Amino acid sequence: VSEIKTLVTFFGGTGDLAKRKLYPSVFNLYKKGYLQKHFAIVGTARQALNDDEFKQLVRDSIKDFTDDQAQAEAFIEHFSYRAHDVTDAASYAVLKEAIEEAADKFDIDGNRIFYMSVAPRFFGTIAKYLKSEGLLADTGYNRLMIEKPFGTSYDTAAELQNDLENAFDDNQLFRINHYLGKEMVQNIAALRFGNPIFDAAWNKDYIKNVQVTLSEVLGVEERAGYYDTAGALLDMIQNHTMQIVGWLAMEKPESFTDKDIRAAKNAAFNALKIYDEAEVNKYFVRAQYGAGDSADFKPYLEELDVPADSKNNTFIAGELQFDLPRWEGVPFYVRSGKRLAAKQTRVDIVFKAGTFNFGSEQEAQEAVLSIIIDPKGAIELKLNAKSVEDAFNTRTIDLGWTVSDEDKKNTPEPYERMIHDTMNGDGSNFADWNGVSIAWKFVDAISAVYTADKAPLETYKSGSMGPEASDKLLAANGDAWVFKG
């Protein structure tokens, strides 16, 4: 394979994320022969640990992925550590030492990635000092991987963007969105543009409505403290949902380079309508899970760290509208919630029913292209065919495909993808500023109404697919949710 010559500095290199996802993902890239000799990993955090102590943390991190110990050790030799506080301008010279030390040790000509696996409050600070204290490579490239969340509103997001642009150009900024890193999500473009029958049908003339569903069976359980101010709206809608919707709504690009892809996606984002109070109440539904049937499924209000009077949303459902010629009048439905019927991340393209009359008792119904992303990748197509009856009549049948075990096992985890992409300088599977700003602008209009409590808070039985209002939402346009559970 072609060797990837890069140097990655992990801010928050002792954290849970670095141990669970980051390091093993890097190890996988090494096992696959991508990272060979010319690469180094510099871990950093406040806590002091000498190289020997750090390497053990790295060793444990990749234990469940180690099959050949000698291979693990060869990899560990590329790791170094330095205790350091990010708010200490002077302490950055220490870090610069380590980085330049590693650069010489493995003969890495520039090419530096700075992964900020730290709390958001440190994002801008770290950036300023990466430039001012001279940590940025003078050759190759310099890329900054920003962890979730990129802001908590448009203002905060915009401020963050300003602090970061002081040291980097937007094309050097790789914000983390793990849903964009999911293999199945990257199939959307291949299915659409790769098959003229679908490419030519990806518009208002053929499609009735589009559906994006991020269903989870888990409750808040653990992280209520943080989740009580974020809700489904910011936790899953603003980031995950909106960026998938962007892959679907995008115009047809001039080519498949991240640049044209982004331009095409932005063409749709700039067309997305932002709602006012009256419209939020019209096109959106916010809900909170109550008890299920089992005692084990207690209401949201009884979860650890949840205020007894919380009006937070554990479920969101809504209709997006793109004022683009190609999507004129096509509803884009999105939903995401906790304590639902099943875990399911899927996209449903519902085509308009044909108008040809067969004379049958059952005329043509809506065809559906379904792309299942989680739990297991699958592609299904509901088509109109003839029923096995004496009198001519139509009926829908479901064509199906599912990933094989060879596919399932060779599929890279989102984090391995994102990192690998950043090293390659490919922004296709990353949201740019324009996408994020609009996603926030859109979500902020909704949040404003909820914060002001000028919209209803529906409820739902823990284990259903949401409040009934979710169904009535679609019914108004004569639509229904494809996935029922």
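Counting begins at 1, following the sequence as shown.
Enquirer: If you average the Cα B factors in the entry, which is higher, 435 to 443 or 60 to 68?
Expert: Mean CA B-factor is higher for 60 to 68.
Enquirer: Given the B-factors recorded for C-alpha atoms, which segment has the greater mean, 1 to 9 or 474 to 482?
Expert: Looking at the recorded C-alpha B-factors, 1 to 9 comes out higher on average.
Enquirer: Of the options 216, 251, 97, 205, which has the highest CA B factor as deposited?
Expert: Comparing C-alpha B-factors across 216, 251, 97, 205, the maximum falls on 97.
Enquirer: Of 174, 315, 392, 269, which one's C-alpha B factor is largest in the deposited record?
Expert: 392 has the highest C-alpha B-factor of those listed.
Enquirer: Per the entry's values, where does residue 163 land by CA temperature factor relative to the rest of its chain, in the lowest, middle or highest third?
Expert: According to the entry, residue 163 has a C-alpha B-factor in the chain's lowest third.
Enquirer: Among the modelled residues of this chain, does the Cα B factor of residue 354 put it in the lowest, middle or highest third?
Expert: It belongs to the lowest third of the chain when residues are ordered by C-alpha B-factor.
Enquirer: Just say lowest, middle or highest third for the CA B-factor of residue 35 relative to the other modelled residues in its chain.
Expert: Highest third, going by the recorded CA B-factors of the chain.
Enquirer: When the modelled residues of the chain are sorted by Cα temperature factor, does residue 178 land in the lowest, middle or highest third?
Expert: Top third by C-alpha B-factor.
Enquirer: Using only modelled residues of the chain, where does the Cα B factor of residue 309 rank: lowest third, middle third or highest third?
Expert: Highest third of the chain for residue 309's C-alpha B-factor.
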